[PDB]
């Protein structure tokens, strides 16, 4: 009777909410307000997800969250909480996606291509500064420094490469360093390393 | 005794640095703001005067065979966009036609 | 003490000089920032565009440097703009569009 | 059966609230599961249609969940989206870019920003259409990129404002404004001050000085 | 009903508008280059326009036969 149709509607709406769960940002109604779930993914590889608690009463306040402290959420909250909360959510999505992508690139470099790297690469918690020396198999030592002056993009804002411990003696080193600089500036980190390793 | 002098001098130096930075930022944004405002005012006044002192010569000859220079080609080309896109525009309204007849 | 007191005294002198400069510039800018809007009105909440759009390359020069033989195409572009067939076609399209907007 | 009706109503209200907050209204969703075990590999195919307030879409993708002892890797193996055949070529270009990049969230966010900028453009053009109907000639309509300003005293003198919305390679969305003037050489031979060649840069400085609609209304008043 | 007259006159106009469309090869020469098609917005291609006009005829006749012609307040206006 009506029970079967009611159960069908219930399962349909549950499936619809589970479908919203995959769009990246989800919301749930609670007593104090709305709990928002934010998801991060890079190149289709899903990663860790976080949550934020909000209060509906005026003025809008923040109850608690699990976002890492070094993420500058206080200023963006102060300047977009009261107007266009959806724009606030989208900007927060931008920040988390960029940070997760940068961390994923750094971790993939650390784990996969450990043979070419000689010593541990210096990394900051925000993962916006990298500096490492590498030798690729003759022996062509290089040192690379990448600085990410922006926080909403996964591509370096400026990259520099130098030859340390050896003087430039042929155009091969010059073309190699120019190609490395261009690849760093345009293509992702691990892609080029997987490219010229063969 | 001199250690306290060390500490305090470093204190005022540190607390005066940001004020200098802020003043520099305010000055070098205000300069360009004023320059841009003046330039925009000049352009607007000049364009207004050009239109005003032209508005009569067109009335003297209403249908003169007037051609256009190379600078007017873009706009004319932008006028031809729909001319080469009208059929495609029809497709859109044709789609809207179905959107109109979905009843 | 010697070096760092010298540094901070030079810095505070520069701070005072910059404060005087910004004060005099702000006092001077007033006359022109009311003079600009003499014959023009002083001033729908559209957010202000970013400076990247302001510093982006414009379209007119790109079009001019992108298409060759300006006159070889204009010699017929003017003729077609003086033709009435596509003018009537454009009037028909405009009438259809305003009919749709009327609903 | 009143409690079940109450729960259904509450779920419907919550769904409507979430849809109007996020801005995405979804259609029916279909799921298929395939087990390909050699350490476990599962292939899940999802299909769903929907719309964002102005534009519909239909997407279908498949993901490969690799469950292991310590890791659970999920990768979008294939995705395929279809639009309705609009006249926005850059929309199709971005659809192709997202298809060849195999990513989802940036597509949704870019679509949201694009429809947001489109709605501001349409609302701005239509307001100025009615504010000064005797000096505005919207040749293509409020849902287009062109704006045509013309004086009824003389049809020869008129100019156009081009407002475009562009999507970069990364995925961001930014607008751009320019003007094109169809001026006869009679004005060139009349005025030797030569204030027409600098119109683009000066106008772009003007719009960055006091706003967008302010510059537009100033131009309308000057042309009046 | 002037719609019949306008349709007839545009149909008679079509032949010579495509004639003048094919008069010059420079317009055909610039075709196929995306550098202008993306700037103008869609494309520069008008070759199936015959089918377009011959298809709009029945559609328009059927249309004539049928005669088709802050955050607080925003959030609170939805919960009601």
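We call the chains A, B, C, D and E, going by the order they appear; numbering starts again at 1 in every chain.
Keep in mind that, in the parts below, contacts are C-beta pairs under 8 Å (C-beta built on N, C-alpha and C of every residue); 3 or more make two chains touch, one makes a residue touch a chain.
Colleague: Higher C-beta contact count, B-C or D-E?
Modeller: Pair with more contacting C-beta pairs, B-C versus D-E: B-C.
Colleague: Central chain, going by Cα centroids?
Modeller: Looking at where each chain's C-alpha mean falls, the closest to the middle is D.
Colleague: Could you put a whole-Å number on the gap between the CA centroids of chain A and chain E?
Modeller: Between these chains, centre-to-centre, one finds 44 Å.
Colleague: How big is the gap, in whole Å, between where the Cα atoms of chain A centre and where those of chain B centre?
Modeller: Chain centroid spacing, chain A to chain B, equals 34 Å.
Colleague: Need the CA-centroid distance for the pair chain C / chain D, whole Å please.
Modeller: The answer is 23 Å.
Colleague: Using Cα averages as centroids, what's the distance between chain C and chain E in whole Å?
Modeller: 33
Colleague: What parts of chain C, by residue number, touch at least two of the other chains?
Modeller: Residues 40, 59-60, 63, 67, 73, 86, 89-90, 100 of chain C touch two or more partner chains.
Colleague: Which chain D residues sit where two or more other chains touch them?
Modeller: 17, 87, 139-140, 162, 180, 205, 208, 218
Colleague: Which chain B residues sit where two or more other chains touch them?
Modeller: Chain B, residues with two or more chain partners: 37, 44, 67-68, 71, 74, 76-79, 81-82, 85, 88-89, 91.
Colleague: By the touch definition up top, name every chain pair that qualifies.
Modeller: A-D, A-E, B-C, B-D, B-E, C-D, C-E, D-E
Colleague: Given the complex with chain E, which residues does chain A contribute to the contact?
Modeller: 56, 58, 60, 82-85
Colleague: Can you tell me which positions in chain E touch chain B when the two form their complex?
Modeller: 40-46, 48-49, 52, 55-56, 59, 62-63, 66, 68
Colleague: Which chain E residues qualify as touching chain D in the complex?
Modeller: 37-38, 41-43, 78-79
Colleague: Sort out for me which residues of chain E touch chain A in the complex.
Modeller: Chain E residues touching chain A: 70-72, 75.
Colleague: So in the complex, the part of chain A that touches chain D is made up of which residues?
Modeller: 2-3, 6, 9-10, 13, 15-17, 19-20, 22-27, 29, 39, 41, 43-46, 86, 90, 93-94, 97, 153, 155
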